[PDB]
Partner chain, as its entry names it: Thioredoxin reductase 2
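Coming up is one lone chain in structure tokens, specifically the form deposited without the partner chain.
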């Protein structure tokens, strides 16, 4: 699962893929680490969607622009725009979000 290291790379991936999900994680956040393996797993089966990760401190610029309050946050983008957004680390909840779009 691609970890995005810059604004440019974020803006680029989101703009030239019709379906992208982004997992806003951080190494200081336990729940994020908990759900990572499940996220990795889904990215394997739900091939209609591009899976990326963004470390909220690593790319501050993107977190402040995407307005992230709690941790983790999963946002999906369709055609370059924010469409759905889920807060927290629950497996079934995240499954339900992904299936909504693939």
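Residue numbers count along the first chain shown, from 1.
Query raised in the report: Given the B-factors recorded for C-alpha atoms, which segment has the greater mean, 54-62 or 68-76?
Result: That would be 68-76.
**Report entry** Position of residue 11 among the chain's modelled residues by C-alpha B-factor, lowest, middle or highest third
**Finding:** Tercile = lowest for this residue's CA B-factor.
**Report entry** Entry-reported Cα temperature factor of residue 48, expressed as the chain third it lands in
**Finding:** Tercile = middle for this residue's CA B-factor.
The form solved in complex with the partner chain exists for this protein as well; it is not shown, and the discussion that follows is about that form.
Query raised in the report: Hey, in the entry with it bound, does residue 50 get a heavy atom within 4.5 angstroms of the partner chain?
Result: Output for residue 50 is no: heavy atoms all beyond 4.5 Å of the partner chain.
Query - 4.5 Å heavy atom contact, residue 76 to the partner chain in the entry with it bound - result: Because no heavy atom of residue 76 falls inside 4.5 Å of the partner chain in the entry with it bound, the answer is no.
Query raised in the report: Judged by heavy atom distances of 4.5 Å or less, which residues of 41-79 approach the partner chain in the entry with it bound?
Result: Heavy-atom contacts within 4.5 Å come from 56, 57, 63, 64, 67, 68, 69, 70, 71.
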